[PDB]
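Colleague: coordinates only, sequence not included:
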RNA sequence: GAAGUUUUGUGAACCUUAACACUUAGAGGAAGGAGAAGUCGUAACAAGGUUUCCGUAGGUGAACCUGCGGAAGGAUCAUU
RNA sequence: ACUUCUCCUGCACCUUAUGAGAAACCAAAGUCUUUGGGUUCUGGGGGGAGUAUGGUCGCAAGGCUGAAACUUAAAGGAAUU
RNA sequence: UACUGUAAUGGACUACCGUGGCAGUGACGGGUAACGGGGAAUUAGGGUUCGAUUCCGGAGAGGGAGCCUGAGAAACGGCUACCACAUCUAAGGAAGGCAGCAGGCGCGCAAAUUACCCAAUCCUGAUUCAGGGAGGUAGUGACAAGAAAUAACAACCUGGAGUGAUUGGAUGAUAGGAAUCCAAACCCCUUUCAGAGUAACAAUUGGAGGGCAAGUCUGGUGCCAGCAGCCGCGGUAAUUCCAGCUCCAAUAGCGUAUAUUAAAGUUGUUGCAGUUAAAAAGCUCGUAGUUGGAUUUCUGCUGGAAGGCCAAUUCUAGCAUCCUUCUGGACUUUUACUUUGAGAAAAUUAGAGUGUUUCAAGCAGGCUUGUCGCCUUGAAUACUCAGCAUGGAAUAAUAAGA
């Protein structure tokens, strides 16, 4: 009541962080570009994915060196919400991490090449006219690129340059274009787009087809266009967003563990 | 018989809530009279002071004098007669001595050989078994 | 019941009866070792007085 | 307050006193050398988890994707645990299990089966007195239950007199005393 | 209450017709006594 | 821009009356059950010695009795 | 009017059931653990009690609705000797 | 209708104006030993009872009311007032709010230390550094859950493997170190000098007429004392009392009391009963309510894609006269129903994987003289009436009647 809540609790955290039940009563709380449940804070990358830090203390000792950057910019706050399709860049080690969705429905820092780690994609939420009658995009990231093409519509991605501010490569939202899912049940799945239903009132949905010919649906808010009909602007994680079945995921896992 | 048809939820649902009250055990639960009735407050045990030492006789066939105690609950000062279990122990009570009262195990009602629903579990906190045993 | 039943005889037979001590005997086994003995003596009524 | 789950391993039967029941339980104590009737009811309860799992699965359909997944996982346990033999992998066979199958698999018997212990009772005392290496590390507890690849592996602990160590304490008192 | 059994008289009893009348005289009296205290 | 002040609204608190709710005293009256054995009958159970019972009405120490119309749960499944 | 024969609709009756029931008995009390044609009302051990209080109908007598405290291990059904 | 007011919409409020709104499908009022939900207990299925309490909302800071500051409060570890309690006063006055953490009084059947620290987990700040009774560690703790000591083996009478204190030699309970753990102690896990022979380091708690497993035993008592959940024992021989001996049941637990669930097909949708046992309104009309007869493109042959198994089973195009406006949606009366799909927090629950020594648990681990370590490591998945969407030929409502 009475104002914004400064604590978040463990358990009442998101499940896709995979913070454990014991070993803490509270969990780190991420406001930044991204939402609370559609992001992951910079602490649980460093300690609970990348395994650089042990403790919450040690993440302060890393981040206040000014070694961590995101989007070619130094972020000093340890609880910064670093979300979908943000680049992370550490100068020592000289390795870069683009955050994608894993096929199971988790965040994972996908390691990438140095030339690839310049650019990143931003799907545009809407397009809107600012003052002096100038046009302007706005993104899922909460950037606002201005003077686009007239070409560029809602619900489609743009390759940003990052080294400079400006856009470079557009993409369109149509049938036969590659598209990852960012939320809901089918998260972490990439497939070409077959068809979308309108439903003139609320909630457009899209059916789309995995590269092993599995068909599945999501709302348009969740869908995020990568690239053209086959091929893709970005590098993909392990499995490339197929999501193999429950008995298959059993068989591959226990076949691994026997060595 | 019953109404079977798909839209007969009201008649089925209304008939249970009405005719649940025909049970004897349902009324003892769900009426408001449970809280006024009993000397206990819907409770397992209750302390009180022994106003008087009393003797009552079992109904035939059994004949004898059973040795019970009249007590006033501390919370309500309501008089009750509590039976004293085992041989003797009457000497142990002492008028004006606090005694724990427990249910006879029959949910009020009555026990065996008249009109007594309680048993004195402890005297001065010592308890009856320890003394009879002498342990 | 009548209230005026007398309380003089209370503790008759507890006071009447002759006292006698328990005999000292060797202790029984307990737990698993008890269930060993009970197994054997059945399969190679249980209380039969003279 | 604390986030720790917990459960009950056993539960008592509905009838306290039946001469049919008490005789057949007393045989299982006498064969396998058990402390009390809780140790039977533990395994009675542990079977009924596995049995009620198979009872749920077996009603459905052999081509159903729930049964083919959850059945094959359940059959892997019974092969691993050495409870069902590998020649029959049918889910139906799990139903034909008994308490004697579980109680032959625990470490009281598998010591005795091994034969080092000599007698059922002795085998329990050898387990609790810190002998008998199962695999790499020693095991203190009768109700262990062995996973069939591990069964050849049971041997006296490296430490201890049977094993080849200091001879406890009482042999030293005789040896140094003399 | 009693309803249909009302007068079953399975075992030695007062007799229902008489019993109903006896209670009516008790009840009738209750009225005038309760109206007297108004 | 202070103290003080005008008129509004927000409005605690206290009081009068009334109603509703819940405990609680009461001379006397009149129920039910319990005793454990008393006094007076004998009503019912057999055609229980006037068959039993119902509804209603009146009367009498008490069970009960009688009038009118019913029932067999009757003591008759039955005779121009 | 009567005789012989068929049809529905009545009050019943006799005989019998691998139909039912605790049994007495039952063409319904059958087709109900091989349990679902449709629907209205009522009952949950025996008393206390068809009482108390409140309501409502009645000119009254009383009718309809209708409790509790406490009490009790049996009340009750059909056949057998 | 038109102001006003608000962060904005509104009878939210004010002027005039109309006479409406809700209700037998339960309005209005009363009771709750009522905060709601995620959930918990309960061994077929269907259910019944509980949910103050780990998370998410809500409300409150003795009772009500008012208000400042600020992005945000009608805030109480902020202020003003009254009421109810209560502290100091030199008697003029002043200050108080533990339903925060300990602690005490009082109520009760009923509940712990006035302890140590920010090391972990997170939060606030001008912030790498300061602070935190949030939180964590220890003490009390048979509320509870898990594991399992109280012996084992020999040689030396019953003989068809058990007994027999007859001797006999072969691990921790305990007490103190070592290192480890810890913010600092402590416990666990390791290894250590001592450490059991009536293994005195001695297992108890309820029973022994029936239900209920287990003595027509032996003393004392004599309808007494007492037992007895129910039926029943006791009046001078007690298979039930008070003892002793022996045996039974569960066992580091077991008995009792209250509430609750199953048993209860004794609340009955699945699933009871109503001639005589409890119970068919004295009898007809009747509005809701519930339930409602038959009937409207069925059959046949030729493909196509799949398909289990040594052609069946799915789905689908044609042709028997079968739309079209275009290049997927519009029309087919409308829903219910069923199917698939979306979206819906975790914890708990079921459940995949994994030797926490087993186990309750936990979410970890596992390989390996290799060093930018690897398994491009794991932590799956299900579950969550009404609402949104969709394929469909029956069934049932409902509509109609160029």
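Modeller: In hand now; what should we look at? Residues are numbered from 1 along each chain as shown, chains lettered A, B, ... in the order given.
Colleague: now the most centrally placed residue in chain D: how far from residue A:241?
Modeller: Centroid check for chain D by Cα atoms, centre = their mean gives residue D:106 as the closest residue, at 2.7 Å. Distance of residue D:106 to residue A:241, computed by Cβ to Cβ, to the nearest Å: 47 Å. Every residue, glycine included, has its C-beta placed from N, CA and C.
Colleague: do the same with residue D:41
Modeller: Separation of residue D:41 from residue A:241 (Cβ to Cβ): 50 Å.
Colleague: now residue A:208
Modeller: 11 Å.
Colleague: likewise residue D:38?
Modeller: Following Cβ to Cβ, the distance that separates residue D:38 from residue A:241 is 52 Å.
Colleague: I figured residue D:43 was touching residue D:102, is that so?
Modeller: Yes: when contacts are counted by Cβ atoms under 8 Å, residue D:43 is listed as touching residue D:102 (4.8 Å).
Colleague: Those two: which is more packed in?
Modeller: More neighbours surround residue D:43 than the other of residue D:43 and residue D:102, with 24 against 21 (other Cβ atoms under 10 Å in any protein chain shown).
Colleague: how much space between that one and residue D:98?
Modeller: Residue D:43 is 10 Å from residue D:98, by Cβ to Cβ.
Colleague: Which single residue in chain E comes nearest to RNA strand F?
Modeller: Closest contact between chain E and RNA strand F, by Cβ to the nearest atom of the strand, is at residue E:16 (2.8 Å).
Colleague: Report how many residues lie close to that residue.
Modeller: 14.
Colleague: and it, what does it touch?
Modeller: Residue E:16 sits next to E:6-7, E:9 when contact means Cβ atoms under 8 Å, 6 or more residues apart in numbering or on different chains.
Colleague: so is the spatially closest residue to residue B:94 that is not a sequence neighbour in a helix, a strand, or just coil?
Modeller: Using Cβ to Cβ, 6 or more residues apart in numbering or on different chains and skipping residues adjacent in sequence, the residue nearest residue B:94 is residue B:50, 7.3 Å away. Secondary structure for residue B:50, judged by DSSP: H, G, I helix; E, B strand; the rest coil, is strand.
Colleague: Assess the claim that residue B:50 and residue B:79 are in contact.
Modeller: No: taking contacts as Cβ under 8 Å, residue B:50 lies outside contact range of residue B:79: 10.7 Å.
Colleague: thinking again about what came up before, show me which of residue D:38 and residue A:241 is the more surrounded one.
Modeller: The neighbour comparison of residue D:38 against residue A:241 (other Cβ under 10 Å) goes to residue A:241, with 24 against 12.
Colleague: Setting the sequence-adjacent residues aside, check what's closest to the more buried one.
Modeller: residue A:190 (3.4 Å).
Colleague: Over to residue A:24?
Modeller: residue A:10 (5.5 Å).
Colleague: check contacts around that neighbour.
Modeller: Per Cβ under 8 Å, 6+ apart, neighbours of residue A:10: A:19, A:21, A:24-27.
Colleague: joint contacts of residue A:208 and residue A:241?
Modeller: In terms of Cβ under 8 Å, 6+ apart, residue A:208 and residue A:241 are both contacted by the residues residue A:191.
Colleague: Who has more neighbours out of residue B:50 and residue B:79?
Modeller: Ranked by neighbour count (other Cβ under 10 Å), residue B:50 and residue B:79 place residue B:50 first, with 20 against 13.
Colleague: ok, which residues in chain D are in contact with chain A?
Modeller: Within chain D, the positions near chain A by Cβ under 8 Å from any Cβ of the partner chain are D:3, D:65, D:68-69, D:72-73.
Colleague: how about the helices in chain E?
Modeller: Under the criterion DSSP state H, helices of chain E are mapped to E:16-36.
Colleague: How about chain D?
Modeller: Counting by DSSP H, the segments of chain D that form helices are D:19-32, D:37-58, D:65-80, D:92-95, D:99-103, D:107-114, D:120-128, D:170-177.
Colleague: re earlier: in TSV: the residues of chain D next to chain A, plus neighbour count.
Modeller: Output for the residues of chain D next to chain A, formatted as TSV (neighbours: other Cβ atoms under 10 Å in any protein chain shown):
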residue	neighbour count
D:3	10
D:65	11
D:68	16
D:69	15
D:72	14
D:73	13
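Colleague: Just the closest residue of chain D to RNA strand G, please.
Modeller: residue D:59 (18.6 Å).
Colleague: Near that residue, how many other residues are there?
Modeller: Neighbourhood size, residue D:59 [other Cβ under 10 Å]: 8.
Colleague: distance of it from RNA strand H?
Modeller: Distance, residue D:59 to RNA strand H, using Cβ to the nearest atom of the strand, to the nearest Å: 10 Å.
Colleague: Likewise for residue A:196?
Modeller: Separation of residue A:196 from RNA strand H (Cβ to the nearest atom of the strand): 9 Å.
Colleague: Could you do residue D:147 as well?
Modeller: From residue D:147 over to RNA strand H (counting by Cβ to the nearest atom of the strand), the distance is 4 Å.
Colleague: Pretty sure that residue sits against residue D:78.
Modeller: No: under the criterion of Cβ under 8 Å, residue D:147 is not in contact with residue D:78, lying 11.1 Å apart.
Colleague: tell me the SS of residue A:44?
Modeller: helix.
Colleague: you'd agree it is up against residue A:20?
Modeller: No: contact criterion Cβ under 8 Å: residue A:44 and residue A:20 do not qualify, at 11.3 Å.
Colleague: ok, those two, which is more surrounded?
Modeller: The residue with more neighbours, out of residue A:44 and residue A:20, is residue A:44; 22 against 11, by other Cβ under 10 Å.
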